[PDB]
Amino acid sequence: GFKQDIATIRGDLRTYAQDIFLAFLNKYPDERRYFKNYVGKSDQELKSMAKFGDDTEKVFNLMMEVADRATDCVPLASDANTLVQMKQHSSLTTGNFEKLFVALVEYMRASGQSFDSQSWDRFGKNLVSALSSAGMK
Ligand code: HEM
């Protein structure tokens, strides 16, 4: 289930973080606008780019924690808060999160792994709601 998926991702975090985020950026290339130096690079170039490594690990280690601290896929208010008032997220609206979660769930469903894909969809849904209740668009 959801709890195990967190352990699965943590076990191989670097690889899952890069592959999922690459799935995200390839599905929605215009989302690169928030990162900038991402454009003009293939998957392999991004995987070796220092900042992409840093960005993806920071996104996914915290994502796993927000997931882990949640109850029945409902995030803590404090976790929604950090995500909203992060200076790095000043350009974001809830739709950016929705798109990340479309890609992530699509990745899990296509994978040769027993992910609880439906829970990650539900978690994405609840996180958008919590982000909006803390202030997004
Ligand atoms: C729930 C999923 C997400 C989590 C847990 C998360 C968390 C984080 C964390 C921990 C950082 C590092 C902040 C620091 O340097 O201290 C970060 C940076 C950043 N995040 Fe997110 N984030 C998420 C979703 C997103 C999405 C969907 C986008 C846009 C598509 C985004 C855009 C950014 C950007 C642009 C940065 C700054 C990278 C830089 O230094 O240039 N985040 N995020």
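Along the sequence shown, the residues carry numbers beginning at 1. Ligands are counted one by one from 1 in listed order, and the atoms in each one are counted from 1 as well.
In terms of the salt bridge (charged side-chain N to carboxylate O under 4.0 Å, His left out) criterion, residue partners of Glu57 (sequence neighbours excluded) are, by chain and number, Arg14. The salt bridge (charged side-chain N to carboxylate O under 4.0 Å, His left out) search around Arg109 returns none, not counting sequence neighbours.
Within the model, atoms CD1 of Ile20 and OG1 of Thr15 stand 10.5 Å from one another, a figure rounded to the nearest 0.5 Å. Once rounded to the nearest 0.5 Å, the distance linking CG of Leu62 with OG1 of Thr82 reads 6.0 Å.
Per-residue contacts place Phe24 under 4.0 angstrom from the following atoms of ligand 1 (heavy atoms of the residue considered): 30 (C). Near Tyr34, meaning under 4.0 Å from one of its heavy atoms, ligand 1 places the atoms 35 (C). In summary, the atoms of ligand 1 found under 4.0 Å from a heavy atom of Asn96, numbered by their order in the structure, are 27 (C). Interface atoms of ligand 1 facing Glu31, defined by a heavy-atom separation under 4.0 Å, are 30 (C).
Proximity of a side-chain donor or acceptor of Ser133 to a complementary backbone N or O of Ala130 within less than 3.5 Å is not detected. Checked by atom type and distance alone, the side chain of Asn126 never pairs as donor or acceptor with a backbone atom of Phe123 at under 3.5 Å.
A salt bridge between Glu45 and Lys47 is absent, with no side-chain N of the basic residue lying under 4.0 Å from a carboxylate O of the acidic one.
Only side-chain heavy atoms of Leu127 come within less than 4.0 Å of ligand 1; its backbone N, CA, C and O stay farther off. Residue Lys51 touches ligand 1 through its side chain alone, judged by heavy-atom distances below 4.0 Å.
In this structure, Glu65 does not count as a contact residue of ligand 1, since none of its heavy atoms falls inside 4.0 Å of the ligand.
The nearest heavy-atom contact from the protein to atom 24 (C) of ligand 1 is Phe97 CE2, 3.3 Å.
Residue pairs meeting the salt bridge (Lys or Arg N to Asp or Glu O under 4.0 Å) criterion with at least one partner in residues 64-80, sequence neighbours excluded, are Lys3-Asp68, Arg10-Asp68, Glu65-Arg69, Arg69-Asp79.
Between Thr93 and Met136 the shortest heavy-atom distance is C-SD, 3.5 Å.
Protein atoms of type N, O or S found under 2.8 Å from atom 21 (Fe) of ligand 1 total 1.
No side-chain donor from either of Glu98 and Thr94 sits under 3.5 Å from a side-chain acceptor of the other.
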